Every structure is written in structure tokens, then in C-alpha cells.
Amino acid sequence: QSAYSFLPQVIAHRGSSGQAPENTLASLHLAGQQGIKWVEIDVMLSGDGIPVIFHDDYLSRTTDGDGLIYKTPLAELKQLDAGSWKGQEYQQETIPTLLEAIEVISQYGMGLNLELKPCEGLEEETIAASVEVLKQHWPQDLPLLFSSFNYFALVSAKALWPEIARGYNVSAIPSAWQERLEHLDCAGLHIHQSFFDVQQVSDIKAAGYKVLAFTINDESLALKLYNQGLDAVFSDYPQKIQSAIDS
């Protein structure tokens, strides 16, 4: 059941996104082959309601296209180049569907922390469509963790697939962290590294919760935070972080 029972120390942030284009099959393959145990990727819907893997509202940063992804049909998305901005050898990469990403992730036996990143207002539809795909295609023997910054997304996730573990994403640790985690029924708090507080973290851990932090790309900082009780980091250079731990 709970993905947190299998939480590794290092999670590849948007796949192995330091050296391959974020949120692509390429970055998922790289994470898989680098021996990273879990990936994190972001999910939202295309204009025609299909779960796709992408971070920004707009297309221009990570593709050759322009406009709102939320307003763009999958068929149009699929002819954009989602890799060349990272490097020309990735020019065949496209925005993956959630289904496509699942196939690659499961090939390597990796866990998936799917960050629900719905278009604001489209939380219910985004979670519903993502849950449908996952219920029929995600392997029961691999860890699946939902997380979100978005309250409605977390409520919907619990409503539509309660057995799947949930993490609450924040930047700063809320003063009311306990009441929020209890209310949202989340087993983990995922925080921004700049807001790590060893004392608050110790209290959160004392209370039985996992604590994770993003996005850590410096080996020394990762090790510093693990020593202070951080359960996992999200990293763009996950192989480098793991090399540091294992040394």
C-alpha cells in the first residue's frame, strides 16, 4: 500500500533533468538507467483533457511552441519539440502523456511521485482523468505517491483513490502543519530547502510524518539535511546525490 513505506533518499526531479530535458521520456530513461529509485513528474491536462507530463502553464520554456498548454490539443502538443532546448540530441522528445511516462517508469521498476499540477479550476477533472489512467496502467507492485501544492487536488485525490499515499507540497513549513496534514490526510510534507528548520522537522518527524525537500542539487547540502533528519531530496542531479551518500 503506502508508497512512503518505500521512500528512497533520492528522487529524480522531473526525471533526471540536470542532463536530460525535464519531464520527458528521455529524462525518465536517464533516471532509470542511472539507478534512481523514484522519479517525480508533474501532471496536468491538455486542451482536450488528456493527462500530460509538463510543468509550466505556457509552452515557450521547454518547447519550440507558444501558448497555454491547458488550451492546446494533444495532437498539436505532440508535434512540438520538447527536447532541443536542452540539447539537439533530444530533438525527437515530445511532451509525454501520463500513460507514456508510466510505461517508461515501470520498465525500470521505479516508484512514481506524481505531482498533481492541475490548471487552477480544473482540479477535479485533472485528478479524475489521471486516476483513470493509473488505475488501469500503473503496476500494483510499484510505489505510487500523489502530491500537490493545490488543496482541491489533494481533496480530489483522496476522494477518488483514497488508498494512494498523499504528500502536501509547501514552500515554508506551515505553523499549522499538523492540523493541515491531518485534515488532508497526507503522510508526508514536501518543503522547499530554503525553509528547512531542524527543530520543526524533528517535531514533524516525532509526529510520524515523512519530510522531503526540493530541489537540492548540491551534494554537501543534501548530506547536511539527511543528517538533520530529511527523509528524501528531490534533485535534478540524482546520480550525483546518490554517489555522495554511498561514498
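Residue numbers run from 1 along the displayed sequence.
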Requested in this report: Averaging only over Cα atoms, indicate whether 74-82 or 121-129 has the higher B-factor in the PDB entry.
Outcome: 74-82
Requested in this report: Look over 108-116 and 140-148 in the entry and identify the one with the greater average Cα temperature factor.
Outcome: 140-148
Requested in this report: Determine which member of 188, 49, 35, 65 has the highest CA B-factor, using the values in the deposited entry.
Outcome: 65
Report task. Return the residue from 55, 205, 29, 192 that has the highest Cα B-factor in the entry. Result -> 205
Query raised in the report: Where does residue 19 sit by CA temperature factor within its chain: lowest, middle or highest third?
Result: highest
Query - Cα B factor band for residue 59 (lowest, middle or highest third within the chain) - result: middle
Report task. Name the third of the chain's ranked CA B-factors that contains residue 170, choosing lowest, middle or highest. Result -> lowest
Report task. Could you tell me which third, lowest, middle or highest, the C-alpha B-factor of residue 159 occupies within its chain? Result -> highest
Query - Ranked against its chain, the third holding the CA B-factor of residue 41 - result: lowest
